[PDB]
Structure formats: structure tokens, C-alpha cells
């Protein structure tokens, strides 16, 4: 009576065509057993939300990828923020929270909006640009590392580093294994930029470091908390911004609606996060016997959370399959929900806003003239190439 399923939600065929299979996983019960990996999973908005909002029953401190840390050697020592539970999680959540506050945002928005306008300009003069490498990658890349206060050298490694991390959450398939064995130079690069002297003052890196001086964090914890933003900080957004553009490309009218009202910018990004959901999936582990979606699940059980699914659940969302920029997007789980809810959402939104804001004032049409190509990854959903023509306003 927990229906089994052959669906492998970490398979290349699944990533290419997720959406029919997701539907199955919601209409198969509110709780399902994937025979493939021996793990329970919940796909509906209903359950997903509940799970995220009960950290006590569904802890994160035993891994939020497949591998239970209670039993297995992590591939690296875990997050202080992501793979920790209240009480422990509160301190580093705090320190990160301050660092990335709407205060901190105000002091940097202008820079971000400026570069956002110049990049849409730069591209418009080409015409045929690749919406990923020339925009979704390029724009985040230009701004975010600088905003961290990183060196120039080495930024090659950022996306491959974050991809590794995001791959390591999945099951021990090909994507994952490969990613690990190619990993060393990426890490060695990141571990280097987390150290105090390599972070220019002003940047999130140094702002984070100051917390060592007050006692707020230790100096061992200091670099670990930076690593944290260099894992979760870029790929996600690259992928979000890319996702957005993909939308306005497939929904011409909805673009006209944005051009017409460019103050809907921020919200157009958000609905895009709902609509594609960059971070697709994430595990928890039970800490007691818990009754979930009608079923009783024993403790120390892994539960997979289908975050994308939740965001497209017909049961919670009117017309889940449509990119509608005016939606009440509040409630979507694209940045998670509850205590771990993306501590960086603001930066992401700042980015997505100004970018889409610029696109709005400056561009007239977006057409996909090319072969569109998909970057596969156990946890991240996004594109590798998206060839577009860009009509100038």
C-alpha cells in the first residue's frame, strides 16, 4: 500500500523528460517507494511542505543527499548550515543571514543593476547569442564572485565545483562517481579562496570573516561558511536566470506583458523559479516513527523530496504548467521552506530582478534559433546551451 515505482528520478532519460514521470509520482499516492534506490519519496506540495516545516522529525543533520551520514563516510565534512539541525544550525544561519540581508543588498544593488544593463547592451549588438554562456552564466559570473570579493584567477572552477557538490547529493551513479574523481583541483581551488587573506574587504567573504573577531564564529568555521556560499551561490542562480529566459522565449505574450510592465521583474524571476525549479530534489531522514501521507514510516528512514513536483502540483497551483508572471508565487518551495529556506534568496532575487528588469526595458523579442542542449546533474535542473536571437527594442 505504499506503491512501488521503477521511476529513476536521477536518470538521464528522466532529466530529459521529467514532467510526465513527476505527475506519476504525485498520482501514485502521497507517499511512494522507489524500488530503484530503496528510498521513500513524496512528490506533492502537500507533504513536501509539511516535511520541510518539521525539522525535528525530518532532520537534515544525517545528510540531505541519499547517503545517511549516521551510517556512511561523507565525501567531505558536511555543511555547518545545510547539514545541521537546530540548535546547532542557528548560529551559522545567523551569521550568514546578516551577511546577506536586504541591508547588504541595498548597498550593492546599484552595481548589480548597472552590469545587468551593460550585458543586455553588449549582447544586443550581436543578435545570435547563447542565452546560457553569454547571459545566464556570464552575468552571474561577472557579479557574484566580485560580490564575494574573490580573485580573478580560478573562476573557471566555480561552476564545476558547484556541479560536483550538487551531483554528490544524488545516488552513487555515473554522474556522481565521475564528478568525485575529477574533484580535487576544484576543491583545492575553493579551499584556497575561503582563507581570510584571499577575500577582498567589503565582500561577503570578508564580511563573513569579521565574525571571527567578535567571537561570533571560530576561525576554523570561518572558511567553512564561505565554502558554503561558493557551493550554493552561483550554479543555482545561473540556472534560475537561464530558466527564466527560457520561459519568455517559449511564452512570447508573457514577455510583452513584462515589457509593458517592467516592475513585474522581480516576480517574473520568481515564477520562473517555481516553473523550472533549479534545485529539483533534496532528502531528509526521519528521527522518530512518523505518520506521513497516511503511512507509518519508521525512524532513520530517508525521504526524498520532489521540490519541482511540489511547485507544479495541480492540487496547490492553478495551471501548474504555465509561466504566468503575475501569480501569487508565495508558498513555492523553489528556495525550500521553513528554517533552512535559502538564506541567499535575496541575492538570487536581486540578480534575477535587475537582469529581467534590463531585458524588459531593452529587448523586444526572444526567439530560439538553435539546438537546445541540457546540462544533466543529479540535483540541478538547467540547460547547457540555449541559442537565441535577440530583437532590439
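Rigid core: the largest C-alpha set superposing within 1.5 Å between the two forms. Numbering follows the first chain given and starts at 1.
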query: More shifted region, core-based fit in 6 other deposited structures of this protein, 283-291 vs 212-220 by CA; finding: 212-220
query: Mean temperature factor over C-alpha atoms, higher-scoring stretch between 90-98 and 239-247; finding: 239-247
query: Stretch with the greater mean C-alpha B-factor as recorded in the entry, comparing 270-278 against 111-119; finding: 111-119
query: Top Cα B factor in the deposited entry, candidates 329, 67, 61, 53; finding: 329
query: Out of 360, 339, 39, 42, residue topping the C-alpha B-factor column of the entry; finding: 360
query: Lowest, middle or highest third - CA B-factor, residue 283; finding: lowest
query: Entry-reported Cα temperature factor of residue 172, expressed as the chain third it lands in; finding: lowest
query: Residue 161 CA temperature factor, ranked by third within the chain; finding: lowest
query: Third assignment of residue 5 from its chain's C-alpha B-factors; finding: middle
query: For residue 254, the third of its chain into which the C-alpha B factor falls; finding: highest
